[PDB]
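Quick setup: one chain, the form deposited in one PDB entry, written in structure tokens, and binding and motion questions come after.
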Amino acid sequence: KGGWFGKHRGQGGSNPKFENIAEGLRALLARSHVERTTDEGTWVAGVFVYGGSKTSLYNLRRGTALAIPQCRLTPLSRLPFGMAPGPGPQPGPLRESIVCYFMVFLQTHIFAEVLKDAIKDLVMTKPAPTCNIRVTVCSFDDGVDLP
């Protein structure tokens, strides 16, 4: 099983698994009734989603793609190693670890938080590896010019 299915990349569809991960989201983000698009449309906020595993982090993005068509989604990449313990030479800035990450772009400082707090709670119940997905809020000082 598996192979090519005629829809390339950045062009993912809708599957019963995701739309439940999405519905589970677009119920937790309900609790707060905040704005999602600004009159200006500039991307000044964002949510940074990482950890767990690549399968978990993917399905979560795939659901978030459905729960929030008012946002824009990077594909999953990887993270640089941290700061190594002990006082030796540190790992080389460019170095790659196996943990993935993706980014959620948004137009709103406020509803960034609403998503960060919903993802933290959607994840928190599930059994591993979903429990290990982590979320922080990032806000871009100068806005980001998505094409």
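Only residues modelled in both forms are compared. By rigid core we mean the largest C-alpha set that fits within 1.5 Å across both forms. Note that residue numbering begins at 1 and tracks the sequence as displayed.
Not pictured, yet referred to below: the form deposited in another entry.
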| Residue from 69, 93, 89, 41 whose Cα, after superposing the rigid core, lies 2 Å or more away between this form and the one not shown | 89
| field | Core-superposed comparison between this form and the one not shown, residue 127 Cα displacement 2 Å or beyond | value | no
| note | Quick read on residue 91 and residue 134 CA atoms in the other form, 3 Å or more from the shown distance, and they're farther
| said: Knowing the shift is 3 Å or more, I'd like to know if the C-alpha atoms of residue 89 and residue 96 are closer or farther apart in the other form than in the shown chain. | reply: closer
| note | Rigid-core overlay between this form and the one not shown puts runs of three or more residues with Cα moved 2 angstroms or more at 11 to 17, 84 to 91
